[PDB]
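Chains as they are written, first to last, in the entry's author numbering: chain K, 1 to 91, 99 to 212; chain A, 46 to 134; chain E, 45 to 135; chain B, 23 to 101; chain D, 33 to 124; chain H, 33 to 124; chain C, 14 to 112; chain G, 15 to 114.
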DNA sequence: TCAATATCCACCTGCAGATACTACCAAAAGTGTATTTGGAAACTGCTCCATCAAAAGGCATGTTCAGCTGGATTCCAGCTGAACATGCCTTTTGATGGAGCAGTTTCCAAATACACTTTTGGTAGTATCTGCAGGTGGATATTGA
DNA sequence: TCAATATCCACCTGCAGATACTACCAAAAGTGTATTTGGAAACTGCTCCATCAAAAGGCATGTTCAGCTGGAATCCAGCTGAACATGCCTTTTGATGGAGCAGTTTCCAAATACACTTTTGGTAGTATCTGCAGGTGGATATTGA
């Protein structure tokens with residue numbers, strides 16, 4: 001594979017504690033369980049990741065697979081990031104939402120990378136890597152979004168890279184069955200705490 | 046006059062290349078060796094690199110203008126920069 | 045001609061070009077000015093090492109310096125060429 | 023823009039003047055840029071090795087100083 | 033009392049050029065070659081461990097020193113060879 | 033946690049030029065100067081002891097390294113100063 | 014019983030390299046895999062040079078290597094010359110070069 | 015009772031000893047090596063500072079800056095030889111123009 | 001263009017120095033095994049200092065001109081190379097002693113460890129004070145005449 | 001040479017950003033006292049190789065001449081610098097992260113010591129064989145014709 005995705009996957013895997021590497025790998029499912037059994041998880045981390053990277057090289061891994069891995073990693077390590085809330089008002100199936108969001112971003116910006124993954128409670132996790140009309144995207148400064156289709160609420164992570172927030176909000180508002188969006192008075196590092204109060208307000212207005 | 050500008054620029058010590066262009070170039074070069082990763086750069090590292098580069102270029106220009114005069118000229122040619130690098134090693 | 049035959053012959057070879065006794069004599073004369081006036085002995089391989097190094101130095105300097113005659117549009121080697129080569133090298 | 027055309031004619035003229043140069047040919051502005059690019063590539067390659075060895079994502083001044091010292095160039099004012 | 037690398041140079045030579053000998057003056061040059069590169073690599077490896085406050089020299093220090101010293105494709109192949117050697121040393 | 037030679041540079045300065053100060057950028061240059069010469073001298077002294085199969089670095093190694101590194105009259109005066117220092121250190 | 018050069022698959026000595034690293038005041042401790050790596054590197058470089066030199070010898074119609082051949086090899090190669098640019102080979106001569 | 019005082023020095027003898035011990039220069043270090051080396055370092059330091067202060071005086075200033083160090087070094091035949099592969103930050107160049 | 005003379009190039013012969021091979025050996029150096037220990041990896045976490053945007057004004061960009069310089073040509077006298085005849089200095093060879101190198105003693109100097117005192121680095125909060133920027137007045141060289 | 005204009009120096013005032021000076025502290029580190037150990041100096045002896053002589057001839061030295069080249073003087077056209085008007089990119093500032101750096105734990109890999117093989121360096125002695133020099137012998141360009 002390209003030398004730029006090998007480094008991405010290696011750096012991503014070196015961040016994962018040995019106490020839970022196997023669970024993440026199993027969820028990713030890119031490597032078969034037989035290949036996992038082939039590996040030794042007791043020698044130092046560098047050799048383990050060398051072996052896993054060789055396995056990925058035998059197959060053909062694309063930036064989509066690595067993006068899926070990064071999404072899965074953040075599902076477990078939510079607290080690493082600060083999470084902000086957005087609200088949508090004045091208002099499609101999941102596939103239409105996916106296509107509209109992706110096409111909006113691809114029209115505004117020539118070079119991007121988008122990915123989705125489903126989750127319980129009708130949730131969808133989104134990862135966006137921002138680019139420009141001249142330059143490639145940055146895979147190490149992404150933007151993560153958690154949107155619950157049966158609700159007008161959307162939660163966002165604080166990137167060290169602005170200049171794309173209004174476009175993101177517009178894409179969320181258009182791809183879904185809404186036409187406006189605002190920011191709520193809630194922000195913290197604990198996504199579940201925001202979630203609980205937000206749906207408490209949603210169910211009990 | 047060239048004579049006033051030479052005298053003024055030899056009394057001075059400040060850097061002559063602007064910062065942001067040099068920073069952009071040095072970050073563009075770095076990303077090729079890091080395999081796509083955008084490394085961070087301390088502020089005191091870019092100044093070091095700039096000082097070194099400007100010194101290198103000034104001394105090279107001196108050595109080359111030594112070779113323009115050897116040939117009976119007043120005007121600096123690339124012909125003269127190439128040969129100085131060969132002789133220096 | 046005669047210069048081209050000699051150049052071709054000499055670049056094809058490896059042997060030393062300065063005679064040995066004169067080089068030995070000069071090196072010993074230089075050593076005696078250090079040492080506080082006493083005459084040191086010399087191994088033979090030492091003098092050969094020094095001679096190889098010296099001839100290499102001189103041949104390479106002549107190479108670097110005949111590039112400055114042609115720069116100046118000449119064919120004849122002058123001393124200013126050697127001086128400037130030494131200056132630019134940093135010696 | 024190509025990020026090396028940001029090294030302008032006046033800057034190169036200033037470096038030349040500080041070097042004592044009276045006149046300059048119009049073909050000196052592209053030659054200098056290549057020289058500078060080569061120098062920077064050589065230094066930065068070694069600087070990045072020193073910091074990736076240490077398992078960092080941040081280039082410090084000591085890495086640059088070590089690289090230059092390797093290349094035969096010793097710089098004092100930094101630490 | 034005196035020791036050298038001539039045995040191993042002769043083996044390598046008979047391994048790449050089986051029909052070809054080597055004179056005594058040349059093997060001195062090769063022995064000098066081997067002693068020089070050793071010193072350079074070990075010197076760089078000494079500093080990297082000092083810069084980073086380490087008391088042990090490992091294969092990683094040697095690898096980094098190889099990358100710093102050797103130019104281009106030559107470093108690439110040297111790294112490959114050393115990595116294979118360590119790999120099959122450990123697996124025995 | 034960080035250490036330097038600034039105190040002693042300031043003393044020496046007040047000892048040669050009592051009316052004269054020094055800026056912070058310049059003392060960095062002087063600290064870099066002191067660290068460089070130390071490394072050179074100690075590096076040469078390390079080799080002389082290795083060449084001659086010695087396990088100890090003494091004042092003789094430093095003296096020889098000084099002669100090798102420093103040019104001309106500067107080495108002469110440095111040797112004089114070091115010899116006096118050792119002489120009056122021993123006599124106490 | 015078994016050596017370490019054989020485990021590694023090498024001709025160069027892994028014990029001697031270990032000894033020289035320990036006796037050279039390079040650091041307090043020395044790992045197990047450093048001598049293996051270094052011996053492999055040295056073997057690779059030796060083989061490269063000897064290959065080029067044997068080729069040069071054959072071109073000149075000789076069966077034995079001499080310093081002339083090593084010099085030709087080194088100066089005809091764009092990388093070995095950069096590694097060995099401050100080095101003079103005894104009894105090696107110069108490359109033929111007019112103009 | 016300090017070692018620098020016994021020797022007549024301002025530079026630190028104990029620190030030099032510690033740095034020689036920790037630098038992997040040899041398995042042992044004697045007692046006169048630190049004093050000898052500290053004295054040499056002090057001599058060179060003062061030799062540079064004198065010329066730098068003189069250059070500052072010529073420029074009508076009471077504070078030393080890297081320009082003065084550069085002038086001192088490059089106008090002295092021996093210090094330039096010692097420090098000829100060195101570039102000094104914020105030092106500039108010596109004025110030099112020449113007729114054709 | 002012709003071609004003898006160098007000159008080149010190839011090819012064969014002989015032999016002398018230097019290579020490669022075999023045997024002995026012995027020592028010193030590397031390997032295996034078991035024990036203990038300490039350095040470094042793995043995981044947390046917190047504060048610093050790096051990165052990203054924005055607003056504007058100062059330096060760079062573009063066009064024209066004319067004066068200066070680079071480059072080619074001609075001519076002539078100085079100076080280098082080539083050839084030839086001498087002979088003086090280098091090269092090769094061999095008896096000789098001075099200095100390097102190994103082995104044995106011992107003794108002086110360095111490492112190890114514990115207690116105790118001193119010094120240096122960093123922060124808080126000052127207080128100067130040196131040097132730079134702007135303003136103004138006096139004095140000369142060079143531009144063109 | 002006259003001369004105005006920059007330009008050159010010099011002096012002055014103002015101020016603010018940076019250097020010296022105190023306090024203080026407390027952590028790290030250096031010093032002093034005993035004790036043990038081993039590295040290097042001092043002495044003797046031995047044999048290797050480096051200095052010092054004397055013949056032989058091959059390369060260096062000196063003179064002269066012919067021709068090649070360096071250097072100076074013309075001349076012409078290309079091209080670089082200077083000046084002016086304009087606008088775009090760099091500099092400065094403020095706001096957040098995210099990555100470096102310090103802390104704790106533990107476990108795995110390194111040092112240490114002892115007993116046992118093995119490998120490499122050196123020495124006779126053997127022989128053999130590669131390449132250098134010589135000479136034959138075929139065949140090409142070359143500067144004088």
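All residues carry an ideal CB built from backbone N, CA and C; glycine is no exception.
Simplified DSSP state of residue 86 of chain K, which is helix, strand or coil: strand
Closer than 7 Å at the beta carbon, the chain A residues around residue 103 of chain G: 96
Three-state secondary structure (DSSP) of residue 151 of chain K: strand
Same chain only: Cβ atoms within 6 Å of residue 174 of chain K, ignoring 5 sequence neighbours per side: 115
Cβ of residue 100 of chain C within 8 Å of any chain E Cβ: no
Chain E within 8 Å of residue 81 of chain C, Cβ atoms only: yes
Backbone secondary structure at residue 191 of chain K - three-state DSSP: strand
Nonlocal neighbours in the same chain, by C-beta distance under 8 Å from residue 104 of chain C, ignoring five residues either side: 79, 80 and 81
Distance cut-off 7 Å: residue 60 of chain D Cβ against heavy atoms of the ligand ZN: This structure does not include the ligand ZN; it has no bound ligands of any sort.
Beta carbon proximity, residue 87 of chain E to chain C, threshold 8 Å: no
Residue 43 of chain C - DSSP class collapsed to helix/strand/coil: strand
CB-CB length for residue 50 of chain A against residue 67 of chain B, believed under 8 Å: Their Cβ separation, rounded to whole angstroms, is 36 Å, which puts residue 50 of chain A and residue 67 of chain B out of contact at 8 Å.
Chain B contact for residue 70 of chain H (CB, 8 Å cutoff): no
Sufficient close CB pairs (3 or more, under 8 Å) joining the stretch 36 to 44 of chain G to the stretch 83 to 97 of chain H: yes
Beta-carbon proximity list for residue 55 of chain B, same chain, < 7 Å, skipping 5 on both sides: 26 and 29
Extent of the continuous alpha helix (DSSP H) to which residue 74 of chain E belongs: 64 to 77
Residue 112 of chain A at chain B interface by Cβ criterion, 8 Å: no
Short CB-CB distance (under 8 Å) between residue 60 of chain H and chain B: yes
Short-range partners of chain E found in the stretch 51 to 62 of chain C, where Cβ spacing is below 9 Å: none
Closer than 8 Å to chain G by CB, residue 95 of chain B: yes
Same chain, Cβ closer than 6 Å to residue 85 of chain G, five either side skipped, listed in chain order: 69
Option nearest residue 2 of chain K by Cα separation, candidates K:73, K:190 and K:65: K:65
Chain B contact for residue 54 of chain A (CB, 8 Å cutoff): yes
Residue 62 of chain D vs residue 48 of chain D beta-carbon contact at 8 Å: no
Under 8 Å between C-beta atoms of residue 71 of chain K and residue 124 of chain K: yes
Interface flag, residue 40 of chain D vs chain C, CB-CB below 8 Å: yes
Test item: CB-CB of residue 194 of chain K and residue 82 of chain K under 8 Å: yes
Distance, residue 57 of chain D Cα to residue 86 of chain E Cα: 21 Å
Within 8 Å, strictly: CB atoms of residue 25 of chain C and residue 18 of chain C: yes
According to DSSP, residues forming a beta bridge with residue 94 of chain A: Beta-bridge pairing links residue 94 of chain A to no other residue.
Chain A residues whose Cβ lies nearer than 7 Å to that of residue 83 of chain B: 87, 89, 90 and 93
Residue 113 of chain G classed as buried or exposed, judged by whether at least 16 other C-beta atoms fall within 10 angstroms: exposed
6 Å Cβ shell around residue 44 of chain K - same chain, five flanking residues per side excluded: none
Residue-level contact to chain B via CB, residue 96 of chain D, 8 Å cutoff: yes
Length of the line joining the Cα atoms of residue 31 of chain G and residue 39 of chain G: 11 Å
Contact belief for residue 114 of chain D with residue 77 of chain C at Cβ below 8 Å, rounded distance in angstroms: Wrong, their Cβ atoms sit about 31 Å apart, outside the cutoff.
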